[PDB]
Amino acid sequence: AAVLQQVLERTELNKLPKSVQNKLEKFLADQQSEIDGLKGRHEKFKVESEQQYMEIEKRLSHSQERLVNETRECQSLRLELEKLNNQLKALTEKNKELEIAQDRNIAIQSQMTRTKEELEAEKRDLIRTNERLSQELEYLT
């Protein structure tokens, strides 16, 4: 599993001191490990990124759909508001002309009460005159 026997031959590898071989293999090993470590790290990031991207793309999809519905509800409300505002305007007009009618009746009834009291007063005067003439008639008989 040695990296050094790959690069050099058996004749020139054996010409290297133990110490020297140990240093080279140590460093060549570390380079092999970093390569695999980088490739390992890249995949962990890759799956994490793609995973996060899917889920936030999901949220957008839901948001879009919710907006479409809300916009549709707004428009439905605006229509029934417009229809009811016309309903109300006509109901106000009908009301304020019923107000007019009420005041007319209140005026009429108040006036006819005024006349009643006039007929009342005039009757009292004729009655008072009546009894006075009645009494003057009792002297002359």
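Position 1 is the first residue in the sequence shown; the rest follow in order.
*Asks:* With respect to the recorded C-alpha B factors, which stretch has the higher mean value, 76-84 or 46-54?
*Replies:* The stretch with the larger average C-alpha B-factor is 46-54.
*Asks:* Just grab whichever of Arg41, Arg104, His62, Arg114 has the top CA B-factor as deposited.
*Replies:* Each of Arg41, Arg104, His62, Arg114 was compared by C-alpha B-factor; the highest is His62.
*Asks:* For the CA B factor values reported in this entry, which option in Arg132, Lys18, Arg10, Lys123 has the top one?
*Replies:* Of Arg132, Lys18, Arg10, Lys123, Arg10 has the highest C-alpha B-factor.
*Asks:* State the tercile, meaning the lowest, middle or highest third, of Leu67 with respect to the CA B-factors recorded for its chain.
*Replies:* Its C-alpha B-factor, which the entry lists for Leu67, ranks in the highest third among residues of this chain.
*Asks:* How does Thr92 rank on Cα B-factor within its chain, lowest, middle or highest third?
*Replies:* Middle third - that is where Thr92 ends up once the chain's C-alpha B-factors are sorted.
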